[PDB]
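Working notes, structure below.
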Amino acid sequence: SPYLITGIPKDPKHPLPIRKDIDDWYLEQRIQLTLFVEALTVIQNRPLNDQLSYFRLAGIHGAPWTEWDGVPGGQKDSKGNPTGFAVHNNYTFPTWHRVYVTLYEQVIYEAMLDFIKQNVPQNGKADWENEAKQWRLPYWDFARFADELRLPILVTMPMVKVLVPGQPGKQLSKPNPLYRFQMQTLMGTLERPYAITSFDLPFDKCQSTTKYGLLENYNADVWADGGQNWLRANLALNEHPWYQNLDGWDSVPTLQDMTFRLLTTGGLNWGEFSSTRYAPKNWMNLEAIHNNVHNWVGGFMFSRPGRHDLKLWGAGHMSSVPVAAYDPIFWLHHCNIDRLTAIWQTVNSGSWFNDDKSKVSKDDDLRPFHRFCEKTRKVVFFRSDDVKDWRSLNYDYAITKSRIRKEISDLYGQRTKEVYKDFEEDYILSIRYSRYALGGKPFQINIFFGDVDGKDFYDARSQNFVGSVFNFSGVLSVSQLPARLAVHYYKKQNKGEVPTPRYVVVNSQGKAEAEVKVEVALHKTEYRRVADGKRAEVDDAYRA
Amino acid sequence: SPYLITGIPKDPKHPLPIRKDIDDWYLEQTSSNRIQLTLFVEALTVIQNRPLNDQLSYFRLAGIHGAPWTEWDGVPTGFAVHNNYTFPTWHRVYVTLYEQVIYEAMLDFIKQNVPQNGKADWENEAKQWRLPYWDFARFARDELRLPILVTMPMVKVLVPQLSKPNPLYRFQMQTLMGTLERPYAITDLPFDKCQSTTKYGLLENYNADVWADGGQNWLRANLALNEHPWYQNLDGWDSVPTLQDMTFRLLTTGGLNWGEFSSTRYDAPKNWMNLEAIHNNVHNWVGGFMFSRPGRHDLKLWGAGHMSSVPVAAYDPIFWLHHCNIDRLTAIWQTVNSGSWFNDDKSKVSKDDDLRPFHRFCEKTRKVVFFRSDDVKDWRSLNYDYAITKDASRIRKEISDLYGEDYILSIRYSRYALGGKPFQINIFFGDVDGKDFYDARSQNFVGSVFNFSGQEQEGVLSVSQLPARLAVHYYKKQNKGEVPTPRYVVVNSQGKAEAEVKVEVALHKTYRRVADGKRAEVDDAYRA
Ligand SMILES: [O-][O-]
Ligand SMILES: [Cu+2]
Ligand SMILES: [Cu+2]
Ligand SMILES: [Cu+2]
Ligand SMILES: [Cu+2]
Numbered sequence: 001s002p003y004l005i006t007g008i009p010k011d012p013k014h015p016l017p018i019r020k021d022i023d024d025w026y027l028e029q030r031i032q033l034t035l036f037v038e039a040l041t042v043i044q045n046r047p048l049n050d051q052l053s054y055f056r057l058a059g060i061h062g063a064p065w066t067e068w069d070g071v072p073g074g075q076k077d078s079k080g081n082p083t084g085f086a087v088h089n090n091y092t093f094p095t096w097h098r099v100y101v102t103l104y105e106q107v108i109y110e111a112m113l114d115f116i117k118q119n120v121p122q123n124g125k126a127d128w129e130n131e132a133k134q135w136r137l138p139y140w141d142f143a144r145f146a147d148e149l150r151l152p153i154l155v156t157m158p159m160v161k162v163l164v165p166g167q168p169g170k171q172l173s174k175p176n177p178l179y180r181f182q183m184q185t186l187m188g189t190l191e192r193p194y195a196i197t198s199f200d201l202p203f204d205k206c207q208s209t210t211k212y213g214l215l216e217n218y219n220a221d222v223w224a225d226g227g228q229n230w231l232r233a234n235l236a237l238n239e240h241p242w243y244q245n246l247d248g249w250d251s252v253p254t255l256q257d258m259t260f261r262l263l264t265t266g267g268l269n270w271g272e273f274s275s276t277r278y279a280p281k282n283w284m285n286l287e288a289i290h291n292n293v294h295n296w297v298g299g300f301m302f303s304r305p306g307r308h309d310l311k312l313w314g315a316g317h318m319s320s321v322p323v324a325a326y327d328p329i330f331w332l333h334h335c336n337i338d339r340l341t342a343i344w345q346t347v348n349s350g351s352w353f354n355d356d357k358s359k360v361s362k363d364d365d366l367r368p369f370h371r372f373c374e375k376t377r378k379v380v381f382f383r384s385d386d387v388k389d390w391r392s393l394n395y396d397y398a399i400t401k402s403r404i405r406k407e408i409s410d411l412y413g414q415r416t417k418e419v420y421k422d423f424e425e426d427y428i429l430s431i432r433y434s435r436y437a438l439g440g441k442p443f444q445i446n447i448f449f450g451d452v453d454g455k456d457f458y459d460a461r462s463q464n465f466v467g468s469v470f471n472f473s474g475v476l477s478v479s480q481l482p483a484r485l486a487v488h489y490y491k492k493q494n495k496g497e498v499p500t501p502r503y504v505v506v507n508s509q510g511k512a513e514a515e516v517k518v519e520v521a522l523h524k525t526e527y528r529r530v531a532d533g534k535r536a537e538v539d540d541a542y543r544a
Numbered sequence: 001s002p003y004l005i006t007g008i009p010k011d012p013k014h015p016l017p018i019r020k021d022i023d024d025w026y027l028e029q030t031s032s033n034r035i036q037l038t039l040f041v042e043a044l045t046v047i048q049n050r051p052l053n054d055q056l057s058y059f060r061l062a063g064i065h066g067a068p069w070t071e072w073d074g075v076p077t078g079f080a081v082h083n084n085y086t087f088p089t090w091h092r093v094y095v096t097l098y099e100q101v102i103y104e105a106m107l108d109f110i111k112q113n114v115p116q117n118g119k120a121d122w123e124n125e126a127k128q129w130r131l132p133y134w135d136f137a138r139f140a141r142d143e144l145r146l147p148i149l150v151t152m153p154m155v156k157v158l159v160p161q162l163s164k165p166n167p168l169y170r171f172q173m174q175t176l177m178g179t180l181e182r183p184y185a186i187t188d189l190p191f192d193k194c195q196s197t198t199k200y201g202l203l204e205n206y207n208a209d210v211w212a213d214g215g216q217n218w219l220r221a222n223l224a225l226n227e228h229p230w231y232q233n234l235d236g237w238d239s240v241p242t243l244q245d246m247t248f249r250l251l252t253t254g255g256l257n258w259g260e261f262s263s264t265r266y267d268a269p270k271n272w273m274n275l276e277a278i279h280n281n282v283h284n285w286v287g288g289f290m291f292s293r294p295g296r297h298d299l300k301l302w303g304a305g306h307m308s309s310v311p312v313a314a315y316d317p318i319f320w321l322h323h324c325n326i327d328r329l330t331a332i333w334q335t336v337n338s339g340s341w342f343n344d345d346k347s348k349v350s351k352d353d354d355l356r357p358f359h360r361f362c363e364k365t366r367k368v369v370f371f372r373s374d375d376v377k378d379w380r381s382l383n384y385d386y387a388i389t390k391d392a393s394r395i396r397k398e399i400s401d402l403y404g405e406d407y408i409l410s411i412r413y414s415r416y417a418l419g420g421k422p423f424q425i426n427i428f429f430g431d432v433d434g435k436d437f438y439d440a441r442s443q444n445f446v447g448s449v450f451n452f453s454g455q456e457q458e459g460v461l462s463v464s465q466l467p468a469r470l471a472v473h474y475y476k477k478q479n480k481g482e483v484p485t486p487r488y489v490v491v492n493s494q495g496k497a498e499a500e501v502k503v504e505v506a507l508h509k510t511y512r513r514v515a516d517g518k519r520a521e522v523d524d525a526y527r528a
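So the sequences go chain by chain: A and B.
Using the numbering used here, read the first sequence as starting at 1 and increasing by one per residue.
Using the numbering used here, read the second sequence as starting at 1 and increasing by one per residue.
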């Protein structure tokens, strides 16, 4: 039978339960924690031929590009480009992923019920079923201060203590299914047709998902499980201009600034908000922010030229669209992207596929996700209008359940406001590029104000770095970066002059790509364009 | 009981088998017939899963060294010898104990898992296997590194093929070590809140549940292991890892007596480069000892772990691989200093100390007695060897191949300067950054001395030596030829500077003292 995606079934006793912040949810805890851990462990341990195994569910998103729920799987097109179900660089990006997250949530809920049926004693039946019915997939608030932004506590824990129903007072420390996804062998040697086999990282050599764990110049057996370098990921997540590392300047995490802007800027239409797909004012979009977070969580650079004692590179699944869904944090990230969509919808209530560009895609089938159309009595694919109201999938968020503008400021606008207040003008960077510029491989666009260090053009530790744009998806693509504070620093160092944005396109070997076109400009409001960007050159040894 | 320690029994098919470099061995084993690798993985797994009342469980064998300070083998401060001249010999017997237990567990594994017609092949491999050593001072297969196998969470083994958790990656118990059953509970750093050993995994500003298993930050460990002067960070200067230089010097410098070579104990200065001091820094570099740092930092390079901590270091499986190489360095030095064995007025006293709790049978009396140092002067009597000492005629050239005006830093300190707590003495040439006085990334950093401890015997202090030739050469070039006055900072586990700690630091040149060290002030928020 087709798998009909409904969201968790509606119980009068459980009216629109909320998806909680995963750090809040964990800190308060332990039946729901036990349920989620036990259910997800079962799901991750299902066989490859079980379509509701974790592997096959993550598989929907990308590699290994197989069928799912009876829907033919993908393949490389005539361009040489892998074709799968997930939508990137198009206006259905938020709605495709809305249904995807709901699928995952529903499968977990059903495994929770099966866990209760097999493991909980009569005394505890109804309480445990009650918690299953109130549970919803937690979100990771990547833009909320945990002083700094952080990966969820639970994601950084290799083991988690759970309850043992029937043995009161007894708890067990179990492998945490949110920490990593581990298979029984290297993903490159799975049974056909499931092997993860173009990609520029050795994901065929991984048994487990990893964050920053893949580096060139280590034994290939290290890549089987490169570990969870969550401290490194937290560092990347707190990216900000380089000058803010100097004494006497305050910092603001660029991710939080971007998210505050995304949620509070008015006058965007759906097409502008929903996607990177292409007034530079309106280029700050959901998908661009989501792309940078993918990069910062997983890492995308496998190597770096030269010799470096401190090694800040390292690659991992979340930066790679074909395999990102295997990392258990993928779903928590997309749960928050769904939350951000709901928030924006709530404060932009008429802007639903409302422009001439996105209207073309409004009625796209969101394959492979089935539902029953009661009006025609047929099994059909989800469409974006079916999930316009996320509440018809029987979940909500606290923030979307009157005080939403205040809550946005309180969660994402306090630091920005505090530091900006020290300086009444805004500056932004516009960035436009082609996701195909490097034959489909990912790349990072880094922008600098002032001289670029030809051996160090990578991150917030690089002299004069201002911000990055990550080409996750591998028509054009756009993004936007805050630039106000970095321009102020530059003006201070350079007699008030406005800086020329300088950019470098960095590939997964940490080298600069000279023929990837990027259009970068600096804009000002008391927006007008005030400087045109230029490519910076790097050292000979660092040139692709 | 008693458990008689003998080394692996002699087998005429296996004359004096060598303890191999663990990276070479792992590549031999994987580079399909991985029988020795399977044997070591499976046997150490079984040993790690033995119960606490089994004195041959991993926990109890590690417990000999320090916490939780219980009996072992009927023998009622840990047993481990530190800051004394029996440091190399006590640990020689300890490593042999570990190796023999694993071998016996290998035989058990074969009896349990190998079909009858395969047993001879598998037994042949067990009998050839010896505990591999970690060559912490050899460039790994550009830089020094933790062993390949220590950095792998999972390892593929034969089923007499299958991926299994790697018992060399961590030691994991089923509960937090603070809650174990009396008397075994591990109850400074929150080691009671650990279920697993960790490298750099304990940081203060994170949820305590993170500490249950702080992970294996092996990239950070590798960075520490490659410690060298800050200036070698700059374009386009060449770098030399201090650990490799120290090791080359330890092995090639003639004229030390056993007392000088064997220990940090100080009851001149050119002779303060000793085995125990190098071993101490490696402990720090593998595990990390700083739990916190004051002030605002984007890049967080601190974090603490078991290997930096005397009472719990033996729980980390790399402990044994590190001590295997310390034993190899002893054997190399013995080979090139053959007349120097507890043979000076200082160390002679300690030679007949019983190496408790380790039992052996005396053939002269047919009694069970304790090991003494002279019983293991010849390590081959324990039926193992090292390639480098089995072929001794070339030893000088191999040492050079592997690890190879002079200026040296001398450092004399009390292990109990902070009441027994660990600390790191960092030395600088030039101005010190009052908010960054910690490592190779800190401006003008030259090198560190780690106090591996956790009051000192009257009249007893500790010494170490650091290479300084390249660092002085740089500072003079950059500073109008000025010979640098060494500046020191004594750093505690909170990343703050301990000003009420007196250390004796001095710069010597070919040796004559040419400069006296001074304590560097740091920012107020960074002062202990
Ligand atoms: O979007 O993954
Ligand atoms: Cu996606
Ligand atoms: Cu995504
Ligand atoms: Cu010891
Ligand atoms: Cu030691």
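Even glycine gets a Cβ: it sits at the ideal position worked out from N, Cα and C.
Assuming residue i and residue j make a contact with CB atoms under 8 Å, what is their CB distance in whole Å?
i: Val37(A); j: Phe369(A); result: Not quite, the Cβ-Cβ distance comes to about 26 Å (not below 8 Å), so this is no contact.
i: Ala544(A); j: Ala512(A); result: 6 Å
i: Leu56(B); j: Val95(B); result: Between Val95(B) and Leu56(B) the Cβ distance is about 15 Å, and since that is not below 8 Å, they are no contact.
i: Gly63(B); j: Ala80(B); result: About 11 Å separates the two Cβ atoms, so there is no contact after all.
i: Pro486(B); j: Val505(B); result: 5 Å
Nearest by alpha-carbon distance to residue i: which of the options is it?
i: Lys388(A); options: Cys373(A), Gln345(A) and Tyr433(A); result: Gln345(A)
i: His488(A); options: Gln480(A), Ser479(A), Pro499(A) and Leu481(A); result: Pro499(A)
i: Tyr386(B); options: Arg265(B), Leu16(B) and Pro88(B); result: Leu16(B)
i: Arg304(A); options: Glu191(A), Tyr458(A) and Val222(A); result: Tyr458(A)
i: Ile47(B); options: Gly215(B), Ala212(B) and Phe171(B); result: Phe171(B)
i: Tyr488(B); options: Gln457(B), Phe429(B) and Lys509(B); result: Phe429(B)
i: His279(B); options: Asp24(B), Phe450(B), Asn383(B) and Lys421(B); result: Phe450(B)
i: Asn217(B); options: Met177(B), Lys348(B) and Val286(B); result: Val286(B)
i: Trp90(B); options: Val490(B), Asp23(B), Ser350(B) and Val501(B); result: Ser350(B)
i: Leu225(B); options: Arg396(B), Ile395(B) and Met246(B); result: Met246(B)
i: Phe342(B); options: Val368(B), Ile411(B), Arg372(B) and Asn257(B); result: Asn257(B)
i: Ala137(B); options: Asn281(B), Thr38(B), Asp345(B) and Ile8(B); result: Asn281(B)
Is residue i near ligand 4, with its Cβ less than 8 Å from a heavy atom?
i: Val95(B); result: no
Heavy atom of ligand 5 less than 8 Å from the Cβ of residue i, yes or no?
i: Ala544(A); result: no
i: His323(B); result: yes
i: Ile326(B); result: yes
Between residue i and ligand 3, is there a pair consisting of the residue's CB and a ligand heavy atom that are separated by less than 8 Å?
i: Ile8(B); result: no
i: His294(A); result: yes
Mind listing which residues of the stretch 160–192 of chain A have their C-beta closer than 7 Å to chain B's C-betas, in chain order?
Taking 7 Å as the Cβ-Cβ cut-off against chain B, the residues of the stretch 160–192 of chain A that qualify are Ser173, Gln184 and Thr185.
Can you pull out the residues from the stretch 434–451 of chain B whose beta carbon lies closer than 9 Å to at least one beta carbon of chain A?
The residues in question are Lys435, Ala440 and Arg441.
At a CB distance below 8 Å, what residues from the stretch 309–327 of chain A approach chain B? Give them in sequence order.
Cβ contacts with chain B: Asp309, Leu310, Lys311 and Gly314.
Could you give the uninterrupted runs of the alpha helix (DSSP H) lying entirely in the stretch 227–277 of chain A, keeping only those of 4 residues or more?
Note on the stretch 227–277 of chain A: whole alpha helix (DSSP H) runs with a minimum of 4 residues are 230–237, 254–264 and 270–274, in chain order.
In the stretch 331–389 of chain A, which residue ranges form an unbroken beta strand (DSSP E) of at least 3 residues, counting only runs that do not cross its ends?
Counting only runs of 3 or more residues that sit fully inside the stretch 331–389 of chain A, the beta strand (DSSP E) segments are 370–373 and 378–381, in chain order.
Residues, ordered as in the chain, of the stretch 146–161 of chain A that lie near chain B by beta-carbon distance below 7 Å
Cβ contacts with chain B come from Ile153, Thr156, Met157, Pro158 and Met159.
Complete runs of the alpha helix (DSSP H) confined to the stretch 454–510 of chain A [at least 4 residues]:
Scanning the stretch 454–510 of chain A for uninterrupted alpha helix (DSSP H) segments of 4 residues or longer gives 484–493, listed from N- to C-terminal end.
Tell me which residues of the stretch 210–222 of chain B have at least one Cβ-Cβ distance to chain A shorter than 9 Å, keeping chain order.
Of all residues in the stretch 210–222 of chain B, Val210, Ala212, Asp213, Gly214, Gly215, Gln216, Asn217, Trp218, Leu219, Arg220 and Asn222 have a Cβ within less than 9 Å of some Cβ in chain A.
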